[PDB]
Amino acid sequence: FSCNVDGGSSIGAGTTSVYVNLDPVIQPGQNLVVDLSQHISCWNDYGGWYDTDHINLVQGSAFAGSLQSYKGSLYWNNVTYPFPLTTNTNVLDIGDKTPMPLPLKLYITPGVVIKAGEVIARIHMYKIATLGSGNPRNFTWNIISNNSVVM
Ligand SMILES: O=[N+]([O-])c1ccccc1O[C@@H]1O[C@H](CO)[C@H](O)[C@H](O)[C@H]1O
């Protein structure tokens with residue numbers, strides 16, 4: 001099982017920065033959207049649904065931190081969860097070699113509120129396959145804005 005960010009080199013585990021362009025202003029009482037399907041994709045390294053991968057997001061995934069005071073929602077594969085995550089999400093099954101953009105969106109409920117270049121969320125993703133032990137692996141996606149977000 002492998003992923004990449006913005007079509008870059010393959011990733012098999014570990015922590016990766018994911019840079020995102022956000023709305024430069026965050027309106028009071030309105031959600032700021034961080035569409036991660038636009039950046040992260042993963043695939044089965046054989047294809048053909050032979051050793052199918054099973055992917056979920058993990059309890060404890062949260063805002064960073066410093067910025068933990070915020071609340072929000074995390075959309076993952078047909079379900080919208082409160083964020084930070086207090087439980088593991090549903091499982092997404094990956095069996096094609098064609099990359100699948102992750103069905104993942106973060107919603108952030110509100111001078112500069114978000115600083116470009118700082119980690120603003122840490123999303124832990126868990127993989128286990130089907131054959132043998134399943135060869136479980138952990139990924140962490142460190143979400144970083146390319147731009148300031150204000151008021
Ligand atoms: O993870 N890999 O870098 C990798 C590259 C080529 C072939 C298998 C492979 O890993 C294998 O992939 C299969 C299907 O995705 C399962 O995830 C299995 O657990 C993994 O070891």
Side-chain angles (χ1 to χ4, degrees), residues 1-27 29-49 51-65 67 70 72-110 113-130 134-149:
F1 175 79
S2 303
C3 303
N4 63 4
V5 180
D6 295 337
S9 58
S10 299
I11 312 171
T15 301
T16 307
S17 298
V18 186
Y19 291 88
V20 299
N21 301 316
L22 309 181
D23 192 29
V25 306
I26 43 150
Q27 308 302 4
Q30 295 209 72
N31 288 322
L32 192 184
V33 175
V34 186
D35 184 356
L36 299 176
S37 77
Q38 292 185 30
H39 306 280
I40 312 170
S41 299
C42 306
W43 57 92
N44 187 286
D45 275 308
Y46 309 139
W49 298 90
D51 186 10
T52 297
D53 297 308
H54 311 291
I55 312 293
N56 66 271
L57 305 188
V58 186
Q59 180 192 61
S61 300
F63 288 115
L67 176 112
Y70 278 71
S73 306
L74 184 159
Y75 175 81
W76 172 258
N77 198 38
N78 297 308
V79 180
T80 301
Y81 301 87
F83 192 79
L85 288 187
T86 73
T87 193
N88 296 343
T89 68
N90 73 80
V91 175
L92 168 63
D93 311 283
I94 297 289
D96 299 315
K97 201 162 178 186
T98 294
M100 189 196 172
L102 295 187
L104 174 62
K105 297 183 169 57
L106 172 63
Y107 297 88
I108 308 162
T109 291
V113 295
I114 295 180
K115 297 181 199 176
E118 74 168 322
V119 178
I120 54 188
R122 307 190 156 81
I123 301 176
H124 177 198
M125 187 180 90
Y126 178 75
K127 165 258 169 168
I128 190 163
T130 299
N135 179 30
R137 308 233 58 186
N138 296 288
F139 300 67
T140 296
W141 309 107
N142 282 348
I143 311 312
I144 301 176
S145 178
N146 282 324
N147 58 272
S148 307
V149 182

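The first residue of the sequence shown is numbered 1, and numbering continues consecutively from there.
Taking every heavy atom of both residues into account, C42 and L102 meet most closely at SG-CD2, 3.8 Å. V25 and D23 make their closest contact through O-OD2, 2.8 Å (heavy atoms, listed as atom of the first residue, atom of the second, distance). Annotation for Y70 and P110: closest pair CE2-CA, 3.8 Å, computed over non-hydrogen atoms. Closest approach of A64 and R122 over heavy atoms only: CB-NH1, 3.0 Å. Between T52 and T130, the shortest heavy-atom distance links the atoms O-OG1, 2.6 Å. Scanning both residues, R137 and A13, for their nearest heavy atoms gives CZ-CB, 3.3 Å.
Checked by atom type and distance alone, the side chain of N147 pairs as donor or acceptor with a backbone atom of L22 at under 3.5 Å. Judged by distance alone, the side chain of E118 and the main-chain N or O of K115 form a donor-acceptor pair under 3.5 Å. Under a 3.5 Å cut-off, the side chain of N90 and the backbone N or O of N77 do form a donor-acceptor pair. Here the side chain of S2 pairs no donor or acceptor atom with the backbone of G12 at under 3.5 angstrom. Judged purely by atom type and a 3.5 angstrom limit, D45 uses its side chain to pair as donor or acceptor with the backbone of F1. The backbone N or O of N88 sits nowhere less than 3.5 Å from a side-chain atom of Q59 that would complete a donor-acceptor pair. With hydrogens and angles ignored, the 3.5 Å screen pairs a side-chain donor or acceptor of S61 with a backbone N or O of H124. Judged by distance alone, the side chain of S17 and the main-chain N or O of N142 form no donor-acceptor pair under 3.5 Å.
Within the 4.5 Å cutoff, the side chain of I120 has no heavy atoms near those of the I144 side chain. Side chains of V20 and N146 form no contact here, defined as non-hydrogen atoms less than 4.5 Å apart. For the pair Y107 and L32, the minimum side-chain heavy-atom distance is 4.5 Å or more. Side-chain atoms of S41 and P101, non-hydrogen and from C-beta on, do get closer than 4.5 Å to each other. No side-chain heavy atom of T98 sits under 4.5 Å from any side-chain heavy atom of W43.
Separating the OH atom in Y81 from the OH atom in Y75 is a distance of 10.0 Å, to the nearest 0.5 Å. Annotation: the span from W76 atom CH2 to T89 atom OG1 amounts to 6.0 Å, rounded to 0.5 Å. From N56, atom CG reaches atom OH of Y126 across 8.0 Å, with rounding to the nearest 0.5 Å. Rounded to the nearest 0.5 angstrom, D93 CG and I55 CD1 are separated by 8.5 Å. Between the CD1 atom in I123 and the OG1 atom in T140 there is a gap of 10.0 Å [rounded to 0.5 Å]. The distance from the CG atom of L57 to the CG atom of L104 is 5.5 Å, given to the nearest 0.5 Å.
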- request: Start with the C-alpha gap between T15 and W141, add the side-chain angles, then the distance that decides, and say whether side-chain contact (heavy atoms from CB on, under 4.5 Å) holds.
  value: CA-CA 6 Å; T15 301; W141 309 107; over 6 Å; no
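For residues 33-44, the salt bridge (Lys or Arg N to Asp or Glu O under 4.0 Å) pairs, not counting sequence neighbours, are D35-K105.
When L106, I143, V119 are each tested for a side-chain contact (heavy atoms from CB on, under 4.5 Å) with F63, only one passes: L106.
Using modelled atom types, one finds no donor on one side chain facing an acceptor on the other under 3.5 Å when comparing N4 with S10.
Residues satisfying the side chain to side chain contact (heavy atoms under 4.5 Å, CB included) criterion with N44, sequence neighbours excluded, are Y46, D53, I94.
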